[PDB]
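Just one chain is shown here, as structure tokens, and it is the form deposited in one PDB entry.
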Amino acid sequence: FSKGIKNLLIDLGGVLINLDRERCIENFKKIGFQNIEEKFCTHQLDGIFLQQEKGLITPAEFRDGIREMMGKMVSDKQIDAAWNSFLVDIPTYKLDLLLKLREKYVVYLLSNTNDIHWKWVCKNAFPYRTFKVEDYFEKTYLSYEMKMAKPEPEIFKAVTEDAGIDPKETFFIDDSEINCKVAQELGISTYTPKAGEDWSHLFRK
């Protein structure tokens, strides 16, 4: 599209699901993690946060880590609630779009995420009418299952290799410029949506 595109790799954060850093911060202060900002910066993740993203630690360990940094007992589900408040919604017109794109492309998800967040979006964002997450994607490639994260070159190679697809026939939509620049090196074509951009214009005749 015109470019012999057969496959789409779709990012999750921003591109599909709206995010809210401030709300997450506030909810974390509320439960008594007053210095949440010192320790957390999704723009440049560190420590346990980076670790969970590559699946180097379990959710249980993530929660102890959080408990330890807070110096205070706070229940698993209270921790999960604050962490999950980062995630907002996938607008249903994006789900419609993914469903429509199935007619012409094989569609994959490639996402830096973690087990807590993933379970939340599978439960709360993807279900729609009769559909679930499996309905939208041939496969979902998640950093914490792959033990790698964007923008490592190795992740884009692991995906095209695992999927049996040709990078030059693949189009990647990710709101991170660095992610896209690295994918381009492998010959993947890319588009970098702005925050809140409805990128369905990419598909118009």
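The first residue of the sequence shown is number 1, and the count goes up from there. Residues that one form lacks are left out of the comparison. Throughout, rigid core stands for the largest set of C-alpha atoms superposing within 1.5 Å between the two forms.
The discussion below concerns the form deposited in another entry, not included here.
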Core-superposed comparison between the shown form and the other one: the option from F40, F33, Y141, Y136 whose CA moves 2 angstroms or more: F40
Direction of Cα pair change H43-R63 in that other deposited form, magnitude 3 angstroms or more: closer
In that other deposited form, shift in Cα separation for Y136 relative to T42, 3 Å or more: farther
Core-referenced shifts between the shown form and the other one - contiguous stretches of at least three, CA at least 2 Å: 38-45
